[PDB]
Amino acid sequence: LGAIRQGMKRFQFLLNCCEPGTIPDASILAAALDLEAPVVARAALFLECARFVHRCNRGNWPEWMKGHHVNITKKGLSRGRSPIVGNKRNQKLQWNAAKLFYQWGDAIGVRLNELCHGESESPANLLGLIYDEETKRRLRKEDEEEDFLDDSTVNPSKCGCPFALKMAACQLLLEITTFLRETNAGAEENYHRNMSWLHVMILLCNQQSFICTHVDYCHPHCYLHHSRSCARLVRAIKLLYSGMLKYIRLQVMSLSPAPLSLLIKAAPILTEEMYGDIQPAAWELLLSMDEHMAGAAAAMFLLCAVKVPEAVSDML
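Positions 1177 to 1359, 1446 to 1503, 1555 to 1629 (the deposited numbering) are the ones given, in order, by the sequence shown.
Laid out in structure tokens, this is it:
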């Protein structure tokens, strides 16, 4: 059952020697949803990429990404040179990254803008989702039996794409923003302030809807159904197995607060019409249960209130 697991560890050494900002491709990062691959392998790739992004972010660098492996005199084509050039090589590696991680996240991101019509459950379909009992009990059984130890119920041809996969893409982009803002000299500062694909994260927050009644059920656009979805997937990833588990237990614990912290990390670049759309979302998510979720909703609402206090004044 866990024969993927060690293979991922094998994949871990395939991200231990290759150059950052070269592997993988933008297009195979974009179009990897309509194949025979479930949500769990996509999320595993997302968390592995995020793990190596945190390796390039916090300070836990690998041995070859610190400049110690070019000084020793080889027995061919070799001459005495200081390893400072190897430090420049590692400055090259993240200069391959800080561009291409932007471009790969572009190529995923506009694909997800096209995936807004991909799994597009209509508002009429949503009003049938929340109240009509048939697809109610259908997707409630699909959200409740959601665990990744049996490959027969949760994903039929290993092709399903719920909104929890979109939150997993959101937390991968979240770690991309932990890299890009902090860690060929023209667009090095032009690749953080202007991102051409961030309107659909707020759109997914508008698809984090609030027409629910919470009588033993939430509709698959309600963020409590998203909370139960990400809770079921975190329970799945803690049933399938430890250092990658260490990373998961050190970072995320719930995928529903991902666009919240995304909006904290990308506050000042937005024009304020989108702010006038995000203060209603600030009203809806302040009923949340987690300290991370409701607390980051409080800090987002705090920042949009110290930005725009008159809409706050009108809703008081």
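By construction, the Cβ of each residue, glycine as well, lies at the ideal position given by its N, Cα and C atoms.
Which full runs of the alpha helix (DSSP H) of 4+ residues lie inside the segment 1193 to 1229, going along the chain? The segment 1193 to 1229 contains these whole alpha helix (DSSP H) runs: 1202 to 1206.
Who are the near neighbours of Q1592 in its chain, counting only those whose CB is closer than 6 Å to its CB and skipping five residues on each side? Counted from its first residue, the sequence shown places residue 1592 at position 279. If the five residues before and after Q1592 are omitted, its C-beta is found closer than 6 Å to the C-beta atoms of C1617 and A1624, all from its own chain and listed in chain order.
From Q1347 to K1251, what distance separates their C-alpha atoms? Position 171 of the sequence shown, counting from 1, holds the residue named residue 1347. Position 75 of the sequence shown, counting from 1, holds the residue named residue 1251. Approximately 46 Å between the Cα atoms of the pair.
What does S1471 pair with, by DSSP beta-bridge criteria? Here the question's residue 1471 lines up with position 209 in the sequence shown. Answer is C1484, bridged to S1471.
Can you say whether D1319 is buried or exposed, counting buried as having 16 or more other CB atoms within 10 angstroms of its CB? Here residue 1319 refers to the residue found at position 143 of the sequence shown. Around the C-beta of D1319, 16 or more other C-beta atoms lie within 10 Å, and the residue is accordingly described as buried.
So, for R1497: in the same chain, excluding its five sequence neighbours on each side, which residues have a beta-carbon less than 8 Å away from its beta-carbon? As a working note, residue 1497 is residue 235 in the sequence shown. Contacts found: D1323.
Spatially closest choice to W1596 from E1309, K1264 and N1468, by CA coordinates: The residue you call residue 1596 lines up with position 283 of the sequence shown. The option with the nearest alpha carbon to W1596 is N1468.
Using CA atoms only, rank isn't needed, just tell me which of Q1182, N1236 and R1257 is closest to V1246. Within the sequence shown, numbered from 1, the residue matching residue 1246 stands at position 70. It is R1257.
Taking all protein chains shown into account, do 16 or more other C-beta atoms lie within 10 angstroms of the C-beta of residue 1413, making it buried, or fewer, making it exposed? No coordinates are present for residue 1413, because the numbering of the chain runs from 1359 directly to 1446.
Buried or exposed by the 16-neighbour rule on C-beta atoms within 10 Å, applied to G1235: Locating residue 1235 in the sequence shown gives position 59, counting from the first residue. By the 10 Å Cβ count, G1235 comes out exposed.
Going along the chain, which residues of its own chain have a beta-carbon closer than 8 Å to the beta-carbon of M1184, five neighbours each way excluded? Translated into positions along the sequence shown, residue 1184 becomes position 8. Same-chain partners within the cutoff: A1220, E1224 and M1557.
Below 8 Å on the Cβ atoms is my contact criterion, and I expect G1448 with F1277 to pass it. Report the Cβ-Cβ distance as a whole number of Å. Counted from its first residue, the sequence shown places residue 1448 at position 186. Counted from its first residue, the sequence shown places residue 1277 at position 101. At roughly 17 Å, the Cβ-Cβ gap does not stay under 8 Å, so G1448 and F1277 are not in contact.
Report yes or no: do three or more beta-carbon pairs, one from the segment 1475 to 1494 and one from the segment 1576 to 1584, lie closer than 8 Å? Counting Cβ pairs under 8 Å, fewer than three are found: no touch.
So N1192 and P1238 are in contact, right, with Cβ under 8 Å, and what is the actual spacing, rounded? Taking the sequence shown and counting its residues from 1, one reaches residue 1192 at position 16. Taking the sequence shown and counting its residues from 1, one reaches residue 1238 at position 62. Right, the Cβ-Cβ distance comes to about 6 Å (below 8 Å), so this counts as a contact.
Work out the CA separation of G1285 and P1570 for me, nearest whole Å. The residue labelled residue 1570 in the question sits at position 257 within the sequence shown. The residue labelled residue 1285 in the question sits at position 109 within the sequence shown. Between the alpha carbons of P1570 and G1285 lies a distance of about 19 Å.
Alpha-carbon to alpha-carbon, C1484 and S1328: Mapped onto the sequence shown, residue 1328 falls at position 152. Mapped onto the sequence shown, residue 1484 falls at position 222. Within the model, the alpha-carbon separation for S1328 versus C1484 is close to 26 Å.
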